[PDB]
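Asker: File target-v4.cif below, mmCIF, C-alpha atoms:
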```cif
data_upload
#
loop_
_atom_site.group_PDB
_atom_site.id
_atom_site.type_symbol
_atom_site.label_atom_id
_atom_site.label_comp_id
_atom_site.auth_asym_id
_atom_site.auth_seq_id
_atom_site.Cartn_x
_atom_site.Cartn_y
_atom_site.Cartn_z
ATOM 1 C CA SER A 242 -134.397 37.340 49.136
ATOM 2 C CA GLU A 243 -130.913 38.758 48.433
ATOM 3 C CA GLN A 244 -131.448 40.059 44.836
ATOM 4 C CA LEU A 245 -134.976 41.417 45.578
ATOM 5 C CA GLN A 246 -134.020 43.846 48.420
ATOM 6 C CA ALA A 247 -131.304 45.117 46.073
ATOM 7 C CA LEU A 248 -133.840 45.949 43.348
ATOM 8 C CA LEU A 249 -136.226 47.405 45.950
ATOM 9 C CA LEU A 250 -133.435 49.843 46.843
ATOM 10 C CA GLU A 251 -132.843 50.533 43.133
ATOM 11 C CA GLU A 252 -136.457 51.629 42.557
ATOM 12 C CA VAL A 253 -136.316 53.802 45.698
ATOM 13 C CA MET A 254 -132.875 55.268 44.915
ATOM 14 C CA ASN A 255 -133.731 56.008 41.273
ATOM 15 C CA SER A 256 -137.131 57.538 42.127
ATOM 16 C CA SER A 257 -135.810 61.084 42.623
ATOM 17 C CA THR A 258 -138.785 63.461 43.012
ATOM 18 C CA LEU A 259 -137.777 65.978 40.318
ATOM 19 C CA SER A 260 -140.025 68.476 38.520
ATOM 20 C CA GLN A 261 -141.090 67.586 34.969
ATOM 21 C CA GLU A 262 -140.100 71.059 33.725
ATOM 22 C CA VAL A 263 -136.503 70.441 34.845
ATOM 23 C CA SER A 264 -136.546 66.927 33.362
ATOM 24 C CA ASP A 265 -137.695 68.317 29.996
ATOM 25 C CA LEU A 266 -135.150 71.161 30.201
ATOM 26 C CA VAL A 267 -132.365 68.692 31.049
ATOM 27 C CA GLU A 268 -133.493 66.341 28.266
ATOM 28 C CA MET A 269 -133.545 69.246 25.784
ATOM 29 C CA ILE A 270 -130.070 70.702 26.357
ATOM 30 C CA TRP A 271 -128.413 67.264 26.186
ATOM 31 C CA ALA A 272 -130.468 66.333 23.112
ATOM 32 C CA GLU A 273 -129.591 69.759 21.676
ATOM 33 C CA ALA A 274 -125.888 69.220 22.415
ATOM 34 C CA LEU A 275 -126.017 65.759 20.819
ATOM 35 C CA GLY A 276 -127.916 67.297 17.887
ATOM 36 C CA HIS A 277 -125.184 69.894 17.280
ATOM 37 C CA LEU A 278 -122.513 67.174 17.174
ATOM 38 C CA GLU A 279 -124.473 64.875 14.839
ATOM 39 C CA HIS A 280 -125.050 67.891 12.553
ATOM 40 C CA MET A 281 -121.455 67.454 11.327
ATOM 41 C CA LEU A 282 -120.176 64.021 12.397
ATOM 42 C CA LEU A 283 -120.040 60.756 10.434
ATOM 43 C CA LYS A 284 -119.225 58.534 13.418
ATOM 44 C CA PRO A 285 -121.858 58.499 16.231
ATOM 45 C CA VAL A 286 -120.779 60.246 19.437
ATOM 46 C CA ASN A 287 -121.218 57.118 21.590
ATOM 47 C CA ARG A 288 -118.539 55.313 19.547
ATOM 48 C CA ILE A 289 -116.022 58.087 20.311
ATOM 49 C CA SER A 290 -113.834 57.411 23.361
ATOM 50 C CA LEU A 291 -111.929 59.554 25.872
ATOM 51 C CA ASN A 292 -108.634 58.514 24.242
ATOM 52 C CA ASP A 293 -109.572 59.885 20.804
ATOM 53 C CA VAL A 294 -110.614 63.238 22.310
ATOM 54 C CA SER A 295 -107.372 63.664 24.277
ATOM 55 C CA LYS A 296 -105.396 62.774 21.137
ATOM 56 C CA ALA A 297 -107.461 65.155 18.995
ATOM 57 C CA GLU A 298 -106.836 68.134 21.293
ATOM 58 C CA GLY A 299 -103.117 67.289 21.359
ATOM 59 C CA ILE A 300 -102.828 67.356 17.553
ATOM 60 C CA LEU A 301 -104.406 70.823 17.368
ATOM 61 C CA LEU A 302 -101.804 72.353 19.711
ATOM 62 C CA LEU A 303 -99.055 71.407 17.240
ATOM 63 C CA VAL A 304 -101.076 72.683 14.267
ATOM 64 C CA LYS A 305 -101.696 75.963 16.121
ATOM 65 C CA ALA A 306 -97.976 76.503 16.754
ATOM 66 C CA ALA A 307 -97.165 75.370 13.198
ATOM 67 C CA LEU A 308 -99.320 78.123 11.664
ATOM 68 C CA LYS A 309 -97.647 80.806 13.799
ATOM 69 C CA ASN A 310 -94.267 79.348 12.790
ATOM 70 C CA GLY A 311 -95.251 79.628 9.115
ATOM 71 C CA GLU A 312 -95.103 76.065 7.772
ATOM 72 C CA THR A 313 -96.322 74.876 4.370
ATOM 73 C CA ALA A 314 -99.931 73.705 4.010
ATOM 74 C CA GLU A 315 -98.800 70.236 2.871
ATOM 75 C CA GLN A 316 -97.575 69.509 6.413
ATOM 76 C CA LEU A 317 -100.731 70.944 8.016
ATOM 77 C CA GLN A 318 -102.866 68.592 5.899
ATOM 78 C CA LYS A 319 -101.159 65.360 6.979
ATOM 79 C CA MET A 320 -101.483 66.368 10.646
ATOM 80 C CA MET A 321 -105.152 67.318 10.254
ATOM 81 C CA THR A 322 -105.963 64.087 8.388
ATOM 82 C CA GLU A 323 -104.858 62.150 11.487
ATOM 83 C CA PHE A 324 -107.110 64.449 13.536
ATOM 84 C CA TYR A 325 -110.062 63.720 11.230
ATOM 85 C CA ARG A 326 -109.379 59.966 11.452
ATOM 86 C CA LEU A 327 -110.009 60.086 15.216
ATOM 87 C CA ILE A 328 -112.951 62.506 14.885
ATOM 88 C CA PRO A 329 -114.622 62.032 11.434
ATOM 89 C CA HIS A 330 -116.366 65.075 9.932
ATOM 90 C CA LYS A 331 -118.815 65.250 7.014
ATOM 91 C CA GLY A 332 -119.322 67.720 4.169
ATOM 92 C CA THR A 333 -116.436 69.683 2.640
ATOM 93 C CA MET A 334 -113.104 69.149 4.424
ATOM 94 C CA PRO A 335 -111.654 72.559 5.519
ATOM 95 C CA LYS A 336 -108.483 72.472 3.409
ATOM 96 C CA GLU A 337 -107.489 75.932 4.697
ATOM 97 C CA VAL A 338 -106.353 75.537 8.311
ATOM 98 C CA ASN A 339 -106.449 78.865 10.169
ATOM 99 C CA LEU A 340 -106.538 80.041 13.797
ATOM 100 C CA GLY A 341 -110.343 80.140 13.600
ATOM 101 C CA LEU A 342 -110.777 76.533 12.441
ATOM 102 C CA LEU A 343 -108.668 75.132 15.289
ATOM 103 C CA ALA A 344 -110.714 77.073 17.853
ATOM 104 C CA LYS A 345 -113.933 75.507 16.539
ATOM 105 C CA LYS A 346 -112.318 72.052 16.395
ATOM 106 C CA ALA A 347 -111.307 72.496 20.046
ATOM 107 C CA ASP A 348 -114.876 73.412 21.026
ATOM 108 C CA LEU A 349 -116.239 70.357 19.192
ATOM 109 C CA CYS A 350 -113.883 68.071 21.133
ATOM 110 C CA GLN A 351 -114.882 69.600 24.470
ATOM 111 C CA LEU A 352 -118.559 68.914 23.720
ATOM 112 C CA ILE A 353 -117.738 65.327 22.704
ATOM 113 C CA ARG A 354 -115.815 64.939 25.977
ATOM 114 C CA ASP A 355 -118.939 65.867 27.963
ATOM 115 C CA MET A 356 -121.122 63.504 25.906
ATOM 116 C CA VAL A 357 -118.869 60.571 26.861
ATOM 117 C CA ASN A 358 -119.038 61.451 30.578
ATOM 118 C CA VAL A 359 -122.850 61.560 30.743
ATOM 119 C CA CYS A 360 -123.302 58.293 28.812
ATOM 120 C CA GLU A 361 -123.064 55.420 31.314
ATOM 121 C CA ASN A 368 -128.838 54.921 36.140
ATOM 122 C CA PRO A 369 -131.640 56.312 33.881
ATOM 123 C CA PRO A 370 -130.904 58.729 30.971
ATOM 124 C CA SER A 371 -132.841 61.533 32.694
ATOM 125 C CA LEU A 372 -131.115 61.413 36.092
ATOM 126 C CA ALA A 373 -127.634 60.714 34.707
ATOM 127 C CA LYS A 374 -127.942 63.910 32.639
ATOM 128 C CA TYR A 375 -128.948 65.891 35.750
ATOM 129 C CA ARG A 376 -126.111 64.432 37.848
ATOM 130 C CA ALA A 377 -123.637 65.066 35.002
ATOM 131 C CA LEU A 378 -124.217 68.834 35.254
ATOM 132 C CA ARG A 379 -123.344 68.718 38.975
ATOM 133 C CA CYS A 380 -125.630 71.665 39.731
ATOM 134 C CA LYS A 381 -128.910 72.373 41.538
ATOM 135 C CA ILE A 382 -131.606 73.236 38.979
ATOM 136 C CA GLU A 383 -135.054 73.826 40.516
ATOM 137 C CA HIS A 384 -138.364 74.814 38.902
ATOM 138 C CA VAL A 385 -140.247 77.983 39.877
ATOM 139 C CA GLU A 386 -144.047 78.234 39.642
ATOM 140 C CA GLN A 387 -145.886 81.181 38.068
ATOM 141 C CA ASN A 388 -148.034 81.485 41.211
ATOM 142 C CA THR A 389 -144.949 82.344 43.294
ATOM 143 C CA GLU A 390 -143.960 86.006 43.648
ATOM 144 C CA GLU A 391 -140.322 85.136 42.876
ATOM 145 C CA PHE A 392 -141.407 84.485 39.273
ATOM 146 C CA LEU A 393 -142.850 87.996 38.897
ATOM 147 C CA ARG A 394 -139.629 89.536 40.259
ATOM 148 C CA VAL A 395 -137.414 87.664 37.785
ATOM 149 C CA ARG A 396 -139.812 88.383 34.903
ATOM 150 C CA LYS A 397 -139.812 92.108 35.712
ATOM 151 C CA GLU A 398 -136.016 92.309 36.097
ATOM 152 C CA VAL A 399 -135.811 90.814 32.590
ATOM 153 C CA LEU A 400 -138.538 93.092 31.192
ATOM 154 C CA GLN A 401 -137.299 96.598 32.021
ATOM 155 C CA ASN A 402 -134.431 97.631 29.736
ATOM 156 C CA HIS A 403 -136.237 96.625 26.536
ATOM 157 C CA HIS A 404 -134.958 98.758 23.644
ATOM 158 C CA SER A 405 -136.602 96.593 20.976
ATOM 159 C CA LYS A 406 -140.371 96.089 21.261
ATOM 160 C CA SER A 407 -140.877 92.463 20.237
ATOM 161 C CA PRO A 408 -143.352 90.229 22.184
ATOM 162 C CA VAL A 409 -141.404 88.466 24.954
ATOM 163 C CA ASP A 410 -142.834 85.082 25.977
ATOM 164 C CA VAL A 411 -141.358 84.118 29.358
ATOM 165 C CA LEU A 412 -142.232 80.406 29.477
ATOM 166 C CA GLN A 413 -140.161 78.698 32.187
ATOM 167 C CA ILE A 414 -137.793 80.085 34.832
ATOM 168 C CA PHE A 415 -135.381 77.916 36.832
ATOM 169 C CA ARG A 416 -133.150 78.614 39.826
ATOM 170 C CA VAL A 417 -129.515 77.584 39.312
ATOM 171 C CA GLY A 418 -126.193 77.704 41.168
ATOM 172 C CA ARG A 419 -122.891 75.824 40.851
ATOM 173 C CA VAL A 420 -121.345 74.203 43.929
ATOM 174 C CA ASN A 421 -117.708 75.339 43.786
ATOM 175 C CA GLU A 422 -118.576 78.692 42.164
ATOM 176 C CA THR A 423 -120.613 80.185 45.030
ATOM 177 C CA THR A 424 -117.802 79.904 47.596
ATOM 178 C CA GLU A 425 -115.081 81.073 45.182
ATOM 179 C CA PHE A 426 -117.268 83.937 43.893
ATOM 180 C CA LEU A 427 -115.954 87.421 44.714
ATOM 181 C CA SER A 428 -118.817 88.681 46.891
ATOM 182 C CA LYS A 429 -116.515 91.043 48.810
ATOM 183 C CA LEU A 430 -115.769 92.876 45.543
ATOM 184 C CA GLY A 431 -118.206 95.774 45.152
ATOM 185 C CA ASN A 432 -120.943 96.510 42.600
ATOM 186 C CA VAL A 433 -122.605 93.081 42.696
ATOM 187 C CA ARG A 434 -125.511 93.516 40.262
ATOM 188 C CA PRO A 435 -127.361 90.893 38.134
ATOM 189 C CA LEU A 436 -127.071 90.917 34.332
ATOM 190 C CA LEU A 437 -128.213 88.834 31.351
ATOM 191 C CA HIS A 438 -125.841 86.484 29.510
ATOM 192 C CA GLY A 439 -126.889 85.519 25.979
ATOM 193 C CA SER A 440 -125.846 82.042 24.814
ATOM 194 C CA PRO A 441 -126.993 79.327 22.330
ATOM 195 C CA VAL A 442 -128.903 76.312 23.660
ATOM 196 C CA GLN A 443 -126.219 73.810 22.592
ATOM 197 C CA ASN A 444 -123.555 75.375 24.839
ATOM 198 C CA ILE A 445 -125.773 75.355 27.957
ATOM 199 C CA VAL A 446 -124.801 71.797 28.949
ATOM 200 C CA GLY A 447 -121.175 72.964 29.173
ATOM 201 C CA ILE A 448 -121.994 76.246 30.918
ATOM 202 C CA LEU A 449 -123.923 74.399 33.651
ATOM 203 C CA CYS A 450 -121.020 71.950 34.060
ATOM 204 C CA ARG A 451 -117.889 74.112 34.079
ATOM 205 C CA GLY A 452 -119.392 77.605 34.413
ATOM 206 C CA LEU A 453 -118.741 80.624 32.186
ATOM 207 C CA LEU A 454 -115.108 80.290 31.080
ATOM 208 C CA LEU A 455 -112.791 82.797 29.389
ATOM 209 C CA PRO A 456 -112.646 82.684 25.536
ATOM 210 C CA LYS A 457 -109.459 81.378 23.906
ATOM 211 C CA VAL A 458 -107.559 84.359 22.485
ATOM 212 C CA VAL A 459 -107.077 84.624 18.710
ATOM 213 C CA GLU A 460 -104.253 86.727 17.240
ATOM 214 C CA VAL A 469 -115.230 88.050 17.872
ATOM 215 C CA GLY A 470 -115.386 90.184 21.040
ATOM 216 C CA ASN A 471 -114.916 93.962 20.798
ATOM 217 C CA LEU A 472 -113.794 94.248 24.443
ATOM 218 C CA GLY A 473 -111.115 91.540 24.400
ATOM 219 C CA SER A 474 -111.363 87.896 25.475
ATOM 220 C CA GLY A 475 -113.791 88.072 28.406
ATOM 221 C CA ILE A 476 -117.256 87.041 29.598
ATOM 222 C CA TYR A 477 -119.824 89.349 27.975
ATOM 223 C CA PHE A 478 -123.156 90.334 29.541
ATOM 224 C CA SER A 479 -125.911 92.911 29.015
ATOM 225 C CA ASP A 480 -128.552 94.731 31.071
ATOM 226 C CA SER A 481 -130.856 94.841 28.032
ATOM 227 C CA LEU A 482 -132.763 91.758 26.852
ATOM 228 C CA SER A 483 -133.116 92.878 23.216
ATOM 229 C CA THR A 484 -129.312 92.818 22.920
ATOM 230 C CA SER A 485 -129.210 89.298 24.407
ATOM 231 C CA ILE A 486 -131.677 88.023 21.773
ATOM 232 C CA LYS A 487 -128.995 88.465 19.086
ATOM 233 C CA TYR A 488 -126.652 86.250 21.134
ATOM 234 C CA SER A 489 -129.174 83.539 22.047
ATOM 235 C CA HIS A 490 -130.534 81.918 18.871
ATOM 236 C CA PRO A 491 -133.598 79.579 18.987
ATOM 237 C CA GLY A 492 -133.126 75.897 19.838
ATOM 238 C CA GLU A 493 -133.308 73.009 17.358
ATOM 239 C CA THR A 494 -134.953 70.389 19.594
ATOM 240 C CA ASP A 495 -137.661 72.349 21.431
ATOM 241 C CA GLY A 496 -137.454 75.754 19.723
ATOM 242 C CA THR A 497 -136.910 78.078 22.692
ATOM 243 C CA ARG A 498 -134.141 80.539 23.591
ATOM 244 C CA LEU A 499 -132.212 80.096 26.844
ATOM 245 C CA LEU A 500 -130.529 82.930 28.757
ATOM 246 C CA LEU A 501 -128.585 83.027 32.037
ATOM 247 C CA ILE A 502 -129.078 85.719 34.675
ATOM 248 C CA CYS A 503 -125.889 85.991 36.746
ATOM 249 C CA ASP A 504 -124.734 88.120 39.686
ATOM 250 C CA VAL A 505 -121.717 89.626 37.908
ATOM 251 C CA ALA A 506 -119.346 91.372 40.316
ATOM 252 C CA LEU A 507 -118.009 94.080 37.936
ATOM 253 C CA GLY A 508 -117.007 96.538 40.727
ATOM 254 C CA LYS A 509 -115.067 99.534 39.338
ATOM 255 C CA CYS A 510 -116.106 99.681 35.666
ATOM 256 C CA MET A 511 -114.426 101.661 32.876
ATOM 257 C CA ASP A 512 -117.016 103.394 30.682
ATOM 258 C CA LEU A 513 -114.992 103.095 27.465
ATOM 259 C CA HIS A 514 -116.172 104.667 24.203
ATOM 260 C CA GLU A 515 -113.525 103.238 21.856
ATOM 261 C CA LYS A 516 -113.074 99.510 21.198
ATOM 262 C CA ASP A 517 -110.090 97.554 22.541
ATOM 263 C CA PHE A 518 -109.372 93.980 21.425
ATOM 264 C CA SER A 519 -105.964 93.584 23.104
ATOM 265 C CA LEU A 520 -107.521 93.261 26.582
ATOM 266 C CA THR A 521 -106.636 89.725 27.675
ATOM 267 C CA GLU A 522 -107.604 90.922 31.164
ATOM 268 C CA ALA A 523 -109.337 93.978 32.655
ATOM 269 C CA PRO A 524 -107.795 97.496 32.275
ATOM 270 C CA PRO A 525 -105.460 98.926 34.986
ATOM 271 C CA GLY A 526 -107.238 100.218 38.102
ATOM 272 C CA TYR A 527 -110.687 98.840 37.209
ATOM 273 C CA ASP A 528 -112.371 95.435 37.480
ATOM 274 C CA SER A 529 -114.585 95.577 34.368
ATOM 275 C CA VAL A 530 -115.373 97.374 31.104
ATOM 276 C CA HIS A 531 -118.771 98.838 30.183
ATOM 277 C CA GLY A 532 -119.379 99.177 26.444
ATOM 278 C CA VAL A 533 -121.457 102.363 26.617
ATOM 279 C CA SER A 534 -124.379 101.958 24.203
ATOM 280 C CA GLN A 535 -124.986 104.540 21.473
ATOM 281 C CA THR A 536 -127.033 107.239 23.225
ATOM 282 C CA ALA A 537 -128.724 110.454 22.067
ATOM 283 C CA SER A 538 -125.438 112.365 21.246
ATOM 284 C CA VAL A 539 -122.437 110.408 22.753
ATOM 285 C CA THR A 540 -119.761 108.990 20.445
ATOM 286 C CA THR A 541 -119.460 105.234 21.033
ATOM 287 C CA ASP A 542 -118.763 102.401 18.579
ATOM 288 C CA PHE A 543 -120.693 100.052 20.886
ATOM 289 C CA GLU A 544 -124.348 99.635 19.893
ATOM 290 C CA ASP A 545 -125.387 97.241 22.672
ATOM 291 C CA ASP A 546 -124.747 97.603 26.405
ATOM 292 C CA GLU A 547 -121.802 95.265 27.034
ATOM 293 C CA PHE A 548 -120.559 94.551 30.560
ATOM 294 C CA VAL A 549 -117.341 92.507 30.465
ATOM 295 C CA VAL A 550 -115.268 90.781 33.154
ATOM 296 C CA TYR A 551 -112.061 88.787 32.665
ATOM 297 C CA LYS A 552 -112.241 86.290 35.545
ATOM 298 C CA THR A 553 -114.060 82.991 36.121
ATOM 299 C CA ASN A 554 -114.813 83.849 39.758
ATOM 300 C CA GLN A 555 -116.334 87.263 38.955
ATOM 301 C CA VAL A 556 -119.551 85.488 37.910
ATOM 302 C CA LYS A 557 -122.269 83.609 39.800
ATOM 303 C CA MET A 558 -125.197 82.219 37.800
ATOM 304 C CA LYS A 559 -128.616 82.533 39.446
ATOM 305 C CA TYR A 560 -131.446 81.873 36.975
ATOM 306 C CA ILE A 561 -132.123 80.334 33.557
ATOM 307 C CA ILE A 562 -134.768 82.046 31.409
ATOM 308 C CA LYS A 563 -136.567 79.843 28.875
ATOM 309 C CA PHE A 564 -138.223 82.192 26.371
ATOM 310 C CA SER A 565 -139.323 82.296 22.721
ATOM 311 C CA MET A 566 -139.652 85.015 20.068
ATOM 312 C CA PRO A 567 -142.663 85.422 17.686
ATOM 313 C CA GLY A 568 -140.776 83.591 14.925
#
```
Starting from the file, lay out its structure as structure tokens.
Answerer:
Amino acid sequence: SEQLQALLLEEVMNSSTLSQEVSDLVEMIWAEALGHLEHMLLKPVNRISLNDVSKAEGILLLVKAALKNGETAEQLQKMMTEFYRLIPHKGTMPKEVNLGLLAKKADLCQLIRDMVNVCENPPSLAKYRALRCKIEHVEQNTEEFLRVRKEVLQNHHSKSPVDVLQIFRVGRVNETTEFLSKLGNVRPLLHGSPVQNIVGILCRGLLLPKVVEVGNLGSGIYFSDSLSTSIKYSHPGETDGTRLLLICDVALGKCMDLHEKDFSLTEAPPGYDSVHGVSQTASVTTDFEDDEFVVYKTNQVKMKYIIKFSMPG
């Protein structure tokens, strides 16, 4: 009958042959993201609307400019109270509004924005579709797995047991075409990141940090050739309890092997396309401890793999 053929299509349409490892990975990151929000939110995230988020972000812009202007705190409070009414927090209420606070508030909003988009169509598939990216599982039997494992396990300064559990292929749609392949020195590197932020990274890609008048080579996208250095970036997850890490074909081309730090770099130095923090080596004076490759463009990156791993602890 009419309604039955419809539901027959629904079961067929919704039955997307997907690997269970991807499903569990997708379910984790979105549960992890939700977990980070509910760690410091009174109001559930589902109750929050798109309107409140747009408003929230708007209020911050005024508060940001107000601090640089040099207003009294009294005025900052009343503005921020309206912000907190749209997005309720819990615990102590930051009473001191600084550049740093606003940056974190902005990040929180952006996560909440994503959580509203995904929530609408099962919960598993909707979360996959929301990323708008092709995530595939790779078997251990395949020889691709051994390549990726080895590329990870080469530059290992620290000697902690590395448990490479799950490896997934990944690649954004609009990134691949826009990626600067023609630019020279296209080598893969490791990007350390917390599990909570992954949902956003898979959606929008690696974006440039908002400048603050944390990084020692300016506001750019940081990478490393070493894994041990990336462990300090990528903390363990809350939901599953496993570190995630993105391997990306970073086109760094000409790279300046700087010894000294430089925080004023909004973009790359003149004549070169990247900056290489030169790690502290037998007898060469560098402030940089870790190997830090940095680019200052969204289209100088192309993510390839996602490494699910865990430390002894």
Asker: Can you write out as a Markdown table which residues of stretch 308-427 of chain A fall within 9 Å of stretch 445-471 of chain A, alongside each residue's closest atom pair and its distance in Å to one decimal, counting all atoms listed in the file and ordering rows by chain and ascending residue number?
Answerer:
```
| residue | atom | partner | partner_atom | distance |
| --- | --- | --- | --- | --- |
| A:340 | CA | A:459 | CA | 6.7 |
| A:341 | CA | A:459 | CA | 7.5 |
| A:344 | CA | A:457 | CA | 7.5 |
| A:351 | CA | A:447 | CA | 8.5 |
| A:352 | CA | A:447 | CA | 7.3 |
| A:355 | CA | A:447 | CA | 7.5 |
| A:377 | CA | A:450 | CA | 7.4 |
| A:378 | CA | A:450 | CA | 4.6 |
| A:379 | CA | A:450 | CA | 6.3 |
| A:380 | CA | A:449 | CA | 6.9 |
| A:417 | CA | A:449 | CA | 8.6 |
| A:418 | CA | A:449 | CA | 8.5 |
| A:419 | CA | A:449 | CA | 7.4 |
| A:422 | CA | A:452 | CA | 7.9 |
```
Asker: Could you pull the residues within 9 Å of stretch 259-268 of chain A, counting all atoms listed in the file, minus those fewer than 2 positions along the same chain, as a PDB file with C-alpha atoms, in the coordinates of the input?
Answerer:
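Written file, out_24.pdb:
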```
ATOM      1  CA  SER A 256    -137.131  57.538  42.127  1.00  0.00           C
ATOM      2  CA  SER A 257    -135.810  61.084  42.623  1.00  0.00           C
ATOM      3  CA  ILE A 270    -130.070  70.702  26.357  1.00  0.00           C
ATOM      4  CA  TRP A 271    -128.413  67.264  26.186  1.00  0.00           C
ATOM      5  CA  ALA A 272    -130.468  66.333  23.112  1.00  0.00           C
ATOM      6  CA  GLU A 273    -129.591  69.759  21.676  1.00  0.00           C
ATOM      7  CA  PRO A 370    -130.904  58.729  30.971  1.00  0.00           C
ATOM      8  CA  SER A 371    -132.841  61.533  32.694  1.00  0.00           C
ATOM      9  CA  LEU A 372    -131.115  61.413  36.092  1.00  0.00           C
ATOM     10  CA  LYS A 374    -127.942  63.910  32.639  1.00  0.00           C
ATOM     11  CA  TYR A 375    -128.948  65.891  35.750  1.00  0.00           C
ATOM     12  CA  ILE A 382    -131.606  73.236  38.979  1.00  0.00           C
ATOM     13  CA  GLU A 383    -135.054  73.826  40.516  1.00  0.00           C
ATOM     14  CA  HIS A 384    -138.364  74.814  38.902  1.00  0.00           C
ATOM     15  CA  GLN A 413    -140.161  78.698  32.187  1.00  0.00           C
ATOM     16  CA  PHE A 415    -135.381  77.916  36.832  1.00  0.00           C
ATOM     17  CA  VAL A 446    -124.801  71.797  28.949  1.00  0.00           C
ATOM     18  CA  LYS A 563    -136.567  79.843  28.875  1.00  0.00           C
TER      19      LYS A 563
END
```
Asker: Using only C-alpha atoms, find the one residue out of A:503, A:521, A:249, A:326 that sits nearest to residue A:296.
Answerer: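 Counting only C-alpha atoms, the residue closest to residue A:296 is A:326.
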Asker: Name the residues captured by the PyMOL selection byres ((chain A and resi 411) around 9) when it is applied to the shown file; answer as a ChimeraX atom specification.
Answerer: /A:396,409-410,412-414,562-565
Asker: Would you pick out the contacts of residue A:283 at 8 Å or less, using only C-alpha atoms, so that residues sharing its chain but fewer than 2 positions from it are not included, and give the list as a ChimeraX atom specification?
Answerer: /A:279,281,285,329-331
Asker: Around stretch 368-383 of chain A, with edges along x, y and z and 3 Å added on all six sides, what centre and edge lengths do you get, in Å to one decimal, as AutoDock Vina command-line options?
Answerer:
```
--center_x -129.2 --center_y 64.4 --center_z 36.3 --size_x 17.7 --size_y 24.9 --size_z 16.6
```
Asker: Select, from A:524, A:513, A:353, A:506, the residue with the minimum atom-to-atom distance to residue A:426, counting only C-alpha atoms.
Answerer: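 Closest candidate: A:506.
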Asker: With all atoms listed in the file as the basis for distance, which of A:307, A:347, A:550, A:302 is at the shortest distance from residue A:530?
Answerer: A:550
Asker: Which residues match the PyMOL selection byres ((chain A and resi 402) around 12) in the file above, as a ChimeraX atom specification?
Answerer: /A:396-401,403-406,436-437,479-485,545-546
Asker: Could you expand the PyMOL selection byres ((chain A and resi 525-527) around 9) into the explicit residues it covers here, written as a list in words?
Answerer: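 So the PyMOL selection byres ((chain A and resi 525-527) around 9), applied here, picks out residues 507, 508, 509, 510, 511, 523, 524, 528, 529 and 530 of chain A.
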Asker: Include C-alpha atoms and write out the residues we just selected as a short mmCIF file (atom, residue, chain, number, x, y, z; two decimals), keeping the file's coordinate frame.
Answerer:
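Writing done, so here's part21.cif:
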```cif
data_model
loop_
_atom_site.label_atom_id
_atom_site.label_comp_id
_atom_site.auth_asym_id
_atom_site.auth_seq_id
_atom_site.Cartn_x
_atom_site.Cartn_y
_atom_site.Cartn_z
CA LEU A 507 -118.01 94.08 37.94
CA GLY A 508 -117.01 96.54 40.73
CA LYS A 509 -115.07 99.53 39.34
CA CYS A 510 -116.11 99.68 35.67
CA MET A 511 -114.43 101.66 32.88
CA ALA A 523 -109.34 93.98 32.66
CA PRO A 524 -107.80 97.50 32.28
CA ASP A 528 -112.37 95.44 37.48
CA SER A 529 -114.58 95.58 34.37
CA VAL A 530 -115.37 97.37 31.10
#
```
Asker: Would you pick out the contacts of residue A:297 at 8 Å or less, using only C-alpha atoms, so that residues sharing its chain but fewer than 5 positions from it are not included, and give the list as a list in words?
Answerer: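 Here the qualifying residues turn out to be residues 324, 327, 328 and 350 of chain A.
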Asker: Between atom CA of residue A:435 and atom CA of residue A:567, measure the distance and give it in Å to one decimal.
Answerer: 26.1 Å
Asker: Do you have the atom CA of residue A:317-atom CA of residue A:291 distance handy?
Answerer: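 Between these atoms lies a distance of 24.0 Å.
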Asker: Just the number, please: distance in Å from atom CA of residue A:373 to atom CA of residue A:290, one decimal.
Answerer: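 Value for the atom CA of residue A:373-atom CA of residue A:290 distance: 18.2 Å.
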Asker: Tell me which of A:255, A:318, A:407, A:299 sits closest to residue A:376, counting all atoms listed in the file.
Answerer: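 Counting all atoms listed in the file, the residue closest to residue A:376 is A:255.
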Asker: So, with all atoms listed in the file as the atoms that count, which of A:554, A:497, A:306, A:542 lies closest to residue A:429?
Answerer: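 Looking only at the distances to residue A:429, the closest residue turns out to be A:554.
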Asker: Find, counting all atoms listed in the file, the residue in A:258, A:320, A:280, A:315 that gets nearest to residue A:332.
Answerer: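 Counting all atoms listed in the file, the residue closest to residue A:332 is A:280.
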Asker: Do you know which residues are at most 12 Å from residue A:342 counting only C-alpha atoms, after dropping those on the same chain fewer than 6 positions away, and could you put them as a list in words?
Answerer: residues 301, 304, 305, 308, 321, 334, 335, 336, 348, 349 and 459 of chain A
Asker: For stretch 385-390 of chain A, supply N, CA and C atoms and report the output as a short mmCIF file (atom, residue, chain, number, x, y, z; two decimals), in the frame of the given file.
Answerer:
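Wrote part.cif, looks like this:
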```cif
data_model
loop_
_atom_site.label_atom_id
_atom_site.label_comp_id
_atom_site.auth_asym_id
_atom_site.auth_seq_id
_atom_site.Cartn_x
_atom_site.Cartn_y
_atom_site.Cartn_z
N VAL A 385 -139.50 76.95 39.18
CA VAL A 385 -140.25 77.98 39.88
C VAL A 385 -141.63 78.09 39.24
N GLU A 386 -142.67 78.13 40.09
CA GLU A 386 -144.05 78.23 39.64
C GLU A 386 -144.35 79.68 39.24
N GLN A 387 -145.43 79.86 38.47
CA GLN A 387 -145.89 81.18 38.07
C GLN A 387 -146.64 81.84 39.22
N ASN A 388 -147.24 81.01 40.09
CA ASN A 388 -148.03 81.48 41.21
C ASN A 388 -147.15 82.21 42.22
N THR A 389 -145.89 81.76 42.35
CA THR A 389 -144.95 82.34 43.29
C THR A 389 -144.59 83.77 42.87
N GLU A 390 -144.24 84.59 43.86
CA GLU A 390 -143.96 86.01 43.65
C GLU A 390 -142.50 86.20 43.24
#
```
